[PDB]
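>
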Amino acid sequence: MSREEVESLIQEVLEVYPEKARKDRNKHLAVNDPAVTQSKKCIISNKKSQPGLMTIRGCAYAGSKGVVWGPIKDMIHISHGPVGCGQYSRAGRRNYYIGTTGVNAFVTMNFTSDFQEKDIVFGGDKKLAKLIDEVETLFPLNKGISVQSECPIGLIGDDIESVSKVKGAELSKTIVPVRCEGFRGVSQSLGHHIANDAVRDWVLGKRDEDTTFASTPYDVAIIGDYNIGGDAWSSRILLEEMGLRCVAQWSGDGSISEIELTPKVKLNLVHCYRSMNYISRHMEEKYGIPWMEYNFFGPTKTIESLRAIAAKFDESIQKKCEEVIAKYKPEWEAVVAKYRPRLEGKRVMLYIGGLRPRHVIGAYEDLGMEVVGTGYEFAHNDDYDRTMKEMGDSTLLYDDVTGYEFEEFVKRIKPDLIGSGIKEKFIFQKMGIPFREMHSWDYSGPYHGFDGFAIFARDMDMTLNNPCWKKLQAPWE
Amino acid sequence: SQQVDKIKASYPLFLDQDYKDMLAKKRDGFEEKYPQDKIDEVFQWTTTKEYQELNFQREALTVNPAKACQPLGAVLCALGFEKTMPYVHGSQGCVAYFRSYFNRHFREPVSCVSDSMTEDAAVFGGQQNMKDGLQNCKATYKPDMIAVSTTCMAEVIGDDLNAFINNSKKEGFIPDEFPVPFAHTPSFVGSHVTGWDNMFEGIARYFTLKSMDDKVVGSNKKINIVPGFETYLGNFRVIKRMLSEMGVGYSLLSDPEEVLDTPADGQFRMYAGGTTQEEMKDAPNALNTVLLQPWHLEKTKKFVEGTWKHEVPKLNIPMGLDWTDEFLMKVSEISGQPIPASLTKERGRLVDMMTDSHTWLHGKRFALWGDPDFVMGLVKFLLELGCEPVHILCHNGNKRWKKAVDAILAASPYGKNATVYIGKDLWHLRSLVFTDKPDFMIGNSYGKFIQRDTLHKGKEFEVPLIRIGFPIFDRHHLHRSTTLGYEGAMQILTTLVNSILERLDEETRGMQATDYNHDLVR
Amino acid sequence: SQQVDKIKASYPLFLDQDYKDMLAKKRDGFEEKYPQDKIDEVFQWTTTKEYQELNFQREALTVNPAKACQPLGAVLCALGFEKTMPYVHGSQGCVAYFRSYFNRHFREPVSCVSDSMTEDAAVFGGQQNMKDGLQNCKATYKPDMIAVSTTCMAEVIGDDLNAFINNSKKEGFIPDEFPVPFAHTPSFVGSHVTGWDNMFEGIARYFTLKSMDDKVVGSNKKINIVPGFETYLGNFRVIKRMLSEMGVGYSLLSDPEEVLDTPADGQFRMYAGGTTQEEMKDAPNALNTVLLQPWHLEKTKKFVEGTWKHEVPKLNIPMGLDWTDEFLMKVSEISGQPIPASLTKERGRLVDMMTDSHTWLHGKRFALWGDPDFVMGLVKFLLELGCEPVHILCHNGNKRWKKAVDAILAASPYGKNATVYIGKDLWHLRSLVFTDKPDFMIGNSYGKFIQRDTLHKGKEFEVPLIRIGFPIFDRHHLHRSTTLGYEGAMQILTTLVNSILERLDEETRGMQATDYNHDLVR
Ligand code: ICS
Ligand code: CLF
Ligand SMILES: [Fe+3]
Ligand SMILES: [Fe+3]
């Protein structure tokens, strides 16, 4: 509630900015109105960041190599360019997989061209060809190669597409070049689109003339779940217990074969709209496969999504869904009974770029917590159209919030908890507000499904109610 | 299925029967995985000598590098000055990755800004980006100084910072007297330490190049200290303590230990401590300047000798016993102050600890990697303990450094088996530790994946890892330790001897199998 | 058979096939060993709850005790004074054990003498032995003070120390002005901490009994600090640094840190540092006396409050965050010196580490043992960290201390599963950790066997040990660590978090089995 003083608070925070920066940043801060279906008249997103304001956004390389292509385990991903880009992104994301690392799985590995000045000056393509030959020599059990280009590759001028075609024809193995340069796009959002285009153009249509796969009318495909801490497995066990068979996972713990076999699926289950809606729409137009969004955050959203998914099949699937709901009711009911009293009525601010802030709000509300402010660094206008209904009235909405803006909002609102990334974790831990790392689940999890709800509740109780937060002020101060 | 009293995280929740069955169904149905026999055969092949030869015939592909890019070191250098904002002219992903890396290592907030250059700046350059970024950063975060480095994007398209900054100053974006030092830090040249050197040289040249008329060497009777790329707070603290104990006036340049160790008391200090601009202006009045890590501080050495007219001593990093003694004696000779009894007592205590633990350290084989100066100091100290380095790795080393390390090894009977590798990566080190098994590894957290690999071959082939270097991610508050001086040598000795003792204790824990050597007293 | 290039010690030489065959032949031929199945069944029965009931029904048998006798603590107390020779009135065999214990823990030479009483002295007393011992020790080792302790045998015989010392004084064996304090330390009463208390009270009474006329409280504007039985040098160092850093005049009585950390510079110093005799004489002139370890300094407190007329404050051991704060505030109130910014900066940094590590520290179960004050402060710090101390054991504790710890536990929600045991030994703790498994154990090296026992039941039943206490025998240079104050809190926090993370890394190192949780960043 109380929209007037949050409006005036926005005005006070926007006072330090220069005129141009103030004018732009005024469009990205809004007061939530749940009765609005078109966010374009209230908030503006997917615009460039103002220079020198400590934005949290990344690059398209992070949104392509580190997000979409990275979780695929049996392929080798070459960070084409200088070493640092692949160095800082190595094993930083907890996309879980099962495989022998260095033999048939290469997720935590860092393959890079390691460009020098002589590569910046004299071409670089022949180095790419020699690198592909060496990769084939030393890693024979890989099932594909992707070349994620970094910033200098486009700048110096290079044709990685011809090298990919020539070496793929010569070695009879798929090579996917991804022009995921950092300067392309204002955030990680365009990296998702570029990676989806690469999958569509070089991988998805491989098994078009093949019909050796025995498909059943219950086939589904999990798309947009990247198995953070085992999230995709927690969703998969619920989907399999409902009578469905999943042949593909995009892309957490995924494989090249799952991606190739996905077009033989009767229903596309899209968890993350922002990163895979492009490929879902393409597969709907080409192969005629319908797709829907589902939510597995908390018990209420899990039950709703399970019933909605079962509604697309025959009656046996609905009966199985009822069976699994009845089976898992006492578990989450006990978790709620144990943990809601400690967390009832506590306010939380969220800032995770992309799909997670609208999705997590139902899980928070399940434990009696209220979200007072939210925002995404890279989300588009359709995401803000989707999230306005979820959020409460006269609550704060931000888009690509700067460090100063977020710090001032947190100091004025004074929430009981903040869920965000590593770049702001210690900032707010210094000021004495409990903090949770939403992007990595603070090295815990999974949080999807009934099995993940218990871990979610335990983590939030252990962080919000920790005694260390009561010793910030010295007794003699 | 979860029990509300014993809630399981990913491990060991995904070890239940239902989850195992689900994963087996997934693998058997829709993965086309290779047979386990083939996987085992290829893994055993990867640990052979022929595979090592194939691995060392690499020229284009590098797997698991042990170095970063220059602007990371540039930001680390910029963080060490009072109320200084690191600014990276280029894309924003670079700054995001730098901040994430430093946050994960130090577990402290890291402040840096970018001009968010994009396709428009790729086509038409980033002059407007620089102007707007400088104005916005000064207006919002209110720094006394802005320290500008470059992203590889800005380096390839030939964006020159001098003209951009002068244009911004003369068009009213920032005041003309506002200090904006700059440096060019291409990511395809050198590594992070090179970026640190470039940025420090840029700042020193900005503050001292145009005021060399009234500067006389020795006027302020202090000694300048340049630490270099340092990620240990204890390394700054021990140098300050040792220099203040001798009564030597000093001036630490680019020390970020204050901003990187802010207290948690309900307030967020975005700036804390650091060297003031006055000490940078008065730097060439010092008696001399000492470079703590000279192998990555060569360009700043050229600047100091050519311009400041300082006879920079030829000193190694103060790691170990001999090199710390040489550093102390050189500082005493320069400053004219005698070494006090406290430092003699500390050195005697270090020698006592060396003699107490010499039995367990003799003949141990080590495979280490890191930065040139740190690796050289570590190899030297291992030679003074009777230990035997075997595989010495430096991904950012040169021929001169390798020759110096070879000369150091030749002057000790424990360096015959030791071999130095430059330009190699961690995959090469995995092959080396598979074919020539040492006792322990010494390096950053990236070596942990090597240990697991060895454990897959067998318990008797496992090579445990000791976490000394940058970055350490899997452990907490190890950045608070020391590596330089007698204190750092004491800590390193304790870590090594206790790792050896813990390994021995683990190997002899089976009852009625090997517990006869499970001694209470070691 | 031994290879000259690779020589094997007992492990793994005795794992060779010939040695294995010879051991099997011996066992099957002449040992008449029980069948292996019977041994396994008995071991399984020893881990059950019925065995725990039988073991807790013990009334006369003590197995694996966690304490020593009084003269050990008395010798440690005597070592804290300048040029003081610890003297033990009794047989010579136990002095050798004291010296061996302290040599194995501190890894430093410990000096002590005995009069070597024999059964001939048993039937007629040890008066002549005392005379000859005093004369020979004074002539040979030239001390400025001799502190006399009693072996249990001299206590059973009933030798009067005062009469023997006076008789030695008046007969010319020792000069009449030579200070020879004495204390009665029966080994069948209390434990080593009680011996420390007895020796300190004896020395204080010797030096400040007959001279209590020209004594005014608060004359010298200094605070007396009594450390008690302390085996960490870092504790003395941190107390001294914390007191001197805020400008408080202090007087550390019986500090041994200098004599137990002498440098190795080619010469042997039998005495070094310690408390001066004039310091003991000027003790009653202090404004107040602070006892760092009240629960084993009861008689010292009685003497101080009854003779020195000092209002001893109601202070706990400065371990943790709240208790260190209370100690600092009490010292500031007594001395009138405000707490400086450096101490609050250190407190903020410690809170920073707690905030950073609470995620991994929360909910873990610990079974700890040790001396009463160390155990109680460790429990308080664990409760501050959100940790669960489930099995609290103190062999030399009393009902008063148990009630105090129960009151401490009841004030925290994390003490719901906490049980305090007094008078129980390490076999009881083995049964406790077998029937109610905690996550970790916290104690001295004697717990290293319990871990082994757990590993025999299974890997999933193993309880790793954390070496914090006295004595630590299997690790090197752990006596230099800090335990009291903010610095000690940081060290303990780092040790606990890194032990937890190391256990996780070991558990998740299985390739294709559990390596899905082998996170690089933790
Ligand atoms: S892909 Fe996106 S920033 Fe949808 S780039 Fe990012 S593993 Fe976030 S809110 Mo890190 S659009 Fe996934 C995401 Fe969400 S890396 Fe993960 S946590 S659900
Ligand atoms: S936005 Fe993205 S992550 Fe940034 S560079 Fe560009 S592709 Fe890469 Fe890697 S190497 Fe270092 S950090 Fe950059 S400056 Fe040159
Ligand atoms: Fe921190
Ligand atoms: Fe010693």
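Protein chains in written order, with PDB author numbering: chain H, 4 to 480; chain I, 2 to 523; chain K, 2 to 523.
Every residue, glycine too, gets a C-beta built ideally from N, C-alpha and C.
#1: Of all the options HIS480(K), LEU502(K) and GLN492(K), which has the alpha carbon lying nearest to the alpha carbon of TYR233(K)?
#2: Tell me, please, whether the CB atom of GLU261(H) is closer than 9 angstroms to any CB atom in chain I?
#3: Taking 8 angstroms as the cut-off, does the segment 18-37 of chain H touch the segment 133-151 of chain I (at least 3 CB pairs, one atom from each stretch)?
#4: Per DSSP, what are the beta-bridge partners of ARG350(H) in this structure?
#5: Is there a Cβ from chain K that is less than 9 angstroms from the Cβ of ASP445(H)?
#6: Measuring CA to CA, which of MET286(H), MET465(H) and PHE453(H) is closest to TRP361(K)?
#7: Once the 5 residues before and after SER92(K) are set aside, which same chain residues still bring their CB inside 8 angstroms of it?
#8: Distance check for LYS417(K) and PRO85(H), CA to CA, integer angstroms please.
#9: Taking the alpha carbon of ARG270(K) as the point to measure from, which residue in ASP177(K), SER212(K) and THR85(K) has its own alpha carbon closest?
#10: Does any residue of chain K bring its CB to less than 9 angstroms from the CB of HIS396(I)?
#11: What three-state label does DSSP hand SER245(K) in the structure shown?
#12: Name the chain I residues that come within less than 7 angstroms of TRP472(H), Cβ to Cβ?
#13: How close, in whole Å, do the beta carbons of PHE31(I) and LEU134(H) come, if the pair is a contact with beta carbons under 8 angstroms?
#14: Just to confirm, does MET146(I) get its C-beta within under 8 angstroms of one of the non-hydrogen atoms of ligand 1?
#15: Assuming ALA490(K) and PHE382(K) are in contact, meaning their beta carbons sit under 8 angstroms apart, how far apart are those beta carbons, in whole angstroms?
#16: Quick check: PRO360(H) and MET441(H), are their CB atoms within less than 9 angstroms of each other?
#17: Could you say which of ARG97(H), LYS330(H) and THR177(H) lies nearest to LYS168(H) if we only look at CA atoms?
#18: What residues are listed by DSSP as bridge partners for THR85(K)?
#19: Would you mind reading off the limits of the beta strand (DSSP E) that contains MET442(K)?
#20: Helix or strand or just coil, what does DSSP make of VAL218(I)?
#21: Tell me, please, whether the CB atom of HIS311(I) is closer than 9 angstroms to any CB atom in chain K?
#22: Hey, does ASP369(H) have any beta-carbon neighbour from chain I nearer than 9 angstroms?
#23: Where does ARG523(I) sit, in a helix, a strand or coil, going by DSSP?
#24: Would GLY255(H) count as contacting chain I if we go by Cβ distances under 9 angstroms?
#25: Are the beta-carbon atoms belonging to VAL19(H) and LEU32(H) less than 9 angstroms from one another?
#26: Going by Cα to Cα distance, which pick from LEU521(I), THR49(I), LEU494(I) and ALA97(I) is closest to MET320(I)?
#27: Check whether chain K comes within 9 angstroms of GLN294(I), counting only Cβ atoms and requiring the distance to be less than that.
#28: Taking Cβ positions only, does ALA457(H) come closer than 9 angstroms to chain K?
#29: Quick check on the DSSP output: the beta strand (DSSP E) that includes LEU466(I) runs from which residue to which?
#30: If you scan the segment 261-287 of chain H from start to end, which runs of the alpha helix (DSSP H) of 4 or more residues do you find wholly inside it?
#31: Hey, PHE450(K) and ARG523(I) are a contact pair by Cβ (cut 8 angstroms); roughly how many whole angstroms apart?
#32: Please confirm whether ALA61(I) has its beta-carbon closer than 9 angstroms to some beta-carbon of chain H.
#33: Using a Cβ-Cβ cut-off of less than 8 angstroms, give me the residues of the segment 98-124 of chain H that come near chain K, in sequence order.
#34: Collect the residues with a C-beta less than 5 angstroms away from any heavy atom of ligand 3 and give them in sequence order along the chain.
#35: Can you tell me whether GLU120(I) sits near ligand 2, meaning its C-beta is under 8 angstroms from at least one heavy atom of the ligand?
#36: Would you say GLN252(H) faces chain I, with C-beta separation under 9 angstroms as the test?
Per the coordinate set shown:
#1: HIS480(K)
#2: yes
#3: yes
#4: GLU373(H)
#5: yes
#6: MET465(H)
#7: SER115, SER117, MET118, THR119, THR152 and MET154
#8: 55 angstroms
#9: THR85(K)
#10: no
#11: helix
#12: Residues of chain I passing the Cβ test: none, with the nearest at roughly 10 angstroms.
#13: Incorrect: roughly 30 angstroms between the Cβ atoms, too far for contact.
#14: no
#15: 6 angstroms
#16: yes
#17: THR177(H)
#18: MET146(K)
#19: 441-444
#20: coil
#21: no
#22: no
#23: coil
#24: no
#25: no
#26: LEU494(I)
#27: no
#28: no
#29: 466-468
#30: none
#31: Actually they do not touch by this definition, with Cβ atoms about 14 angstroms apart.
#32: yes
#33: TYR99, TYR100, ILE101, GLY102, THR103, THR104 and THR111
#34: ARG108(I), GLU109(I), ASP353(K) and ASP357(K)
#35: no
#36: yes
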